[PDB]
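Q: My questions will all concern the structure given below.
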Amino acid sequence: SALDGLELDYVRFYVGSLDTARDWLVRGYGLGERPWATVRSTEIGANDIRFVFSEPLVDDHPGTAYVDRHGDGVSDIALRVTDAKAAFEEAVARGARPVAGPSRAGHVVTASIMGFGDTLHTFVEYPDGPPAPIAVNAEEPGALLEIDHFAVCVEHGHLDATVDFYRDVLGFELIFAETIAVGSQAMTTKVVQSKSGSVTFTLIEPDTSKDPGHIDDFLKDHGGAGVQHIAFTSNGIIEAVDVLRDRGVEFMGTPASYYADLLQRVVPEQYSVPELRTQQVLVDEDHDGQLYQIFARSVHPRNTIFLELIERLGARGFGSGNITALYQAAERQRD
Ligand SMILES: [Cl-]
Ligand SMILES: [Cl-]
Ligand SMILES: [Fe+3]
């Protein structure tokens, strides 16, 4: 019940240097910045996007154990609740494994449980509402408005246990389920979403009966399950990719063949094929509308986590055509 209304809050990274995040998102993507003797932290984001980047200042800190194992990565996906203690006690009664019991600081009551791999979920309760946006330009074309979802690579044979956790413990709903096969490789994608609709996790499981792919590379190079990419809803995906490209952001490629045969599959209503081809944006549709997605290259030293831009017209979930296309694009840039 305290869990029923949970909303996506901040995404905490552990990083070796706060300036790697600054150079990446602030200087590259144009996000704003808003900055315990064991951790140095800064906040980066805009509108509804809120990242906390923390670099440990001592070896005896969880962030040092993280960066050693994974490098820079997502270590905690915080969930805003109206009551952090009540949400904690309910989730633990449901099976959740506690990481930190409820404690109050100044403007937050927090309680952390474990999530996929070694990534935490902190329940966070604010006294007067969530912090204000770091920067605001929601009405600007190409603006990055919110985090639409997260992609999570899981070890083979751990997908259904991950799904059961978020559904049984956290009450998420299953909104997508398909096994994707491309060439001699295959995967299983199951997307779970909070009843509030703001917390969406696409769970990806490699198919070990096939040949290995970039899913298998991530799991091996990251060091287990973790966030593969983070998707930013964009106030117009053609303009968001255009501006980012002018700032030095490199995106994954999609051959011209994709756009030559596109109108026999879908007729994009918002954009033209030349626009889509130029920016390398992928389009799909379902019963309610169309969906546009694109992946940015990973700038991570291990080539693991990367970023996605998405714009929804009527499409409220995920399409199998974009999922298949987005796999190929990621498979072409790394494995
Ligand atoms: Cl709250
Ligand atoms: Cl990256
Ligand atoms: Fe995605």
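Ordering of the structure tokens sets the chain letters (A, B, ...); residue numbers start at 1 within each chain; ligands are numbered from 1 in the order shown.
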For ligand 1, return the neighbouring residues as a list in words (distance at most 6 Å; only C-alpha atoms and all ligand atoms).
A: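 Those within range of ligand 1 are residues 80, 81, 82, 125, 126 and 129 of chain A.
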Q: Could you tell me, counting only C-alpha atoms and all ligand atoms, which protein and nucleic acid residues lie no more than 10 Å from ligand 3, written as a list in words?
A: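 Protein and nucleic-acid residues within 10 Å of ligand 3: residues 148, 149, 150, 151, 152, 200, 201, 202, 228, 229, 230, 231, 232, 293, 294, 295, 306, 307, 308, 309, 310, 318, 322, 323, 326 and 327 of chain A.
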Q: 10 Å from ligand 2 is the threshold here; counting only C-alpha atoms and all ligand atoms, which polymer residues fall inside it? Answer as a PDB file with N, CA and C atoms, in the first residue's frame.
A:
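What follows is the written file selection.pdb:
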```
ATOM      1  N   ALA A  21      31.340  11.951 -15.206  1.00  0.00           N
ATOM      2  CA  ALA A  21      29.913  12.193 -15.379  1.00  0.00           C
ATOM      3  C   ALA A  21      29.648  13.614 -15.861  1.00  0.00           C
ATOM      4  N   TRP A  24      30.480  13.879 -19.393  1.00  0.00           N
ATOM      5  CA  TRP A  24      29.606  13.011 -20.175  1.00  0.00           C
ATOM      6  C   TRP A  24      28.226  13.629 -20.369  1.00  0.00           C
ATOM      7  N   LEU A  25      27.552  13.952 -19.270  1.00  0.00           N
ATOM      8  CA  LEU A  25      26.177  14.426 -19.329  1.00  0.00           C
ATOM      9  C   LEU A  25      26.076  15.945 -19.360  1.00  0.00           C
ATOM     10  N   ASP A  72      32.417   2.518 -13.396  1.00  0.00           N
ATOM     11  CA  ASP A  72      31.285   3.421 -13.224  1.00  0.00           C
ATOM     12  C   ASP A  72      29.989   2.717 -13.610  1.00  0.00           C
ATOM     13  N   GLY A  73      28.998   2.778 -12.729  1.00  0.00           N
ATOM     14  CA  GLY A  73      27.733   2.121 -13.007  1.00  0.00           C
ATOM     15  C   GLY A  73      26.641   2.601 -12.078  1.00  0.00           C
ATOM     16  N   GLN A 228      21.942  -1.741 -18.353  1.00  0.00           N
ATOM     17  CA  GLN A 228      22.600  -1.674 -19.651  1.00  0.00           C
ATOM     18  C   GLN A 228      22.502  -0.284 -20.268  1.00  0.00           C
ATOM     19  N   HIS A 229      21.325   0.339 -20.229  1.00  0.00           N
ATOM     20  CA  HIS A 229      21.182   1.691 -20.750  1.00  0.00           C
ATOM     21  C   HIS A 229      20.052   2.396 -20.015  1.00  0.00           C
ATOM     22  N   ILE A 230      19.987   3.710 -20.207  1.00  0.00           N
ATOM     23  CA  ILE A 230      18.950   4.537 -19.606  1.00  0.00           C
ATOM     24  C   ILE A 230      18.321   5.392 -20.696  1.00  0.00           C
ATOM     25  N   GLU A 250      27.870  10.755 -29.925  1.00  0.00           N
ATOM     26  CA  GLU A 250      27.879   9.758 -30.986  1.00  0.00           C
ATOM     27  C   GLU A 250      26.789   8.725 -30.732  1.00  0.00           C
ATOM     28  N   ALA A 296      22.574   5.758 -28.042  1.00  0.00           N
ATOM     29  CA  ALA A 296      23.870   6.419 -28.087  1.00  0.00           C
ATOM     30  C   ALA A 296      24.973   5.411 -27.796  1.00  0.00           C
ATOM     31  N   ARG A 297      26.119   5.592 -28.448  1.00  0.00           N
ATOM     32  CA  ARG A 297      27.266   4.733 -28.175  1.00  0.00           C
ATOM     33  C   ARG A 297      27.626   4.801 -26.698  1.00  0.00           C
ATOM     34  N   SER A 298      28.165   3.698 -26.183  1.00  0.00           N
ATOM     35  CA  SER A 298      28.657   3.665 -24.817  1.00  0.00           C
ATOM     36  C   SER A 298      29.987   4.401 -24.770  1.00  0.00           C
ATOM     37  N   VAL A 299      30.158   5.271 -23.780  1.00  0.00           N
ATOM     38  CA  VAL A 299      31.410   6.001 -23.623  1.00  0.00           C
ATOM     39  C   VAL A 299      32.106   5.447 -22.390  1.00  0.00           C
ATOM     40  N   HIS A 300      31.596   4.322 -21.901  1.00  0.00           N
ATOM     41  CA  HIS A 300      32.138   3.638 -20.737  1.00  0.00           C
ATOM     42  C   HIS A 300      33.412   2.876 -21.107  1.00  0.00           C
ATOM     43  N   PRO A 301      34.448   2.929 -20.259  1.00  0.00           N
ATOM     44  CA  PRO A 301      35.708   2.241 -20.589  1.00  0.00           C
ATOM     45  C   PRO A 301      35.527   0.758 -20.863  1.00  0.00           C
ATOM     46  N   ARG A 302      34.493   0.140 -20.305  1.00  0.00           N
ATOM     47  CA  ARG A 302      34.209  -1.260 -20.571  1.00  0.00           C
ATOM     48  C   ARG A 302      33.209  -1.452 -21.700  1.00  0.00           C
ATOM     49  N   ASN A 303      32.673  -0.362 -22.256  1.00  0.00           N
ATOM     50  CA  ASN A 303      31.718  -0.440 -23.358  1.00  0.00           C
ATOM     51  C   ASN A 303      30.445  -1.153 -22.913  1.00  0.00           C
ATOM     52  N   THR A 304      29.999  -0.847 -21.693  1.00  0.00           N
ATOM     53  CA  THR A 304      28.852  -1.529 -21.105  1.00  0.00           C
ATOM     54  C   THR A 304      27.592  -0.672 -21.155  1.00  0.00           C
ATOM     55  N   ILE A 305      27.450   0.269 -20.227  1.00  0.00           N
ATOM     56  CA  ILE A 305      26.244   1.087 -20.165  1.00  0.00           C
ATOM     57  C   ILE A 305      26.268   2.125 -21.279  1.00  0.00           C
ATOM     58  N   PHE A 306      25.097   2.397 -21.852  1.00  0.00           N
ATOM     59  CA  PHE A 306      24.937   3.448 -22.848  1.00  0.00           C
ATOM     60  C   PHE A 306      23.575   4.101 -22.627  1.00  0.00           C
ATOM     61  N   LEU A 307      23.218   5.039 -23.499  1.00  0.00           N
ATOM     62  CA  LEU A 307      22.015   5.838 -23.318  1.00  0.00           C
ATOM     63  C   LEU A 307      21.088   5.697 -24.519  1.00  0.00           C
ATOM     64  N   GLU A 308      19.801   5.930 -24.272  1.00  0.00           N
ATOM     65  CA  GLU A 308      18.763   5.842 -25.287  1.00  0.00           C
ATOM     66  C   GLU A 308      17.888   7.084 -25.236  1.00  0.00           C
TER      67      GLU A 308
END
```
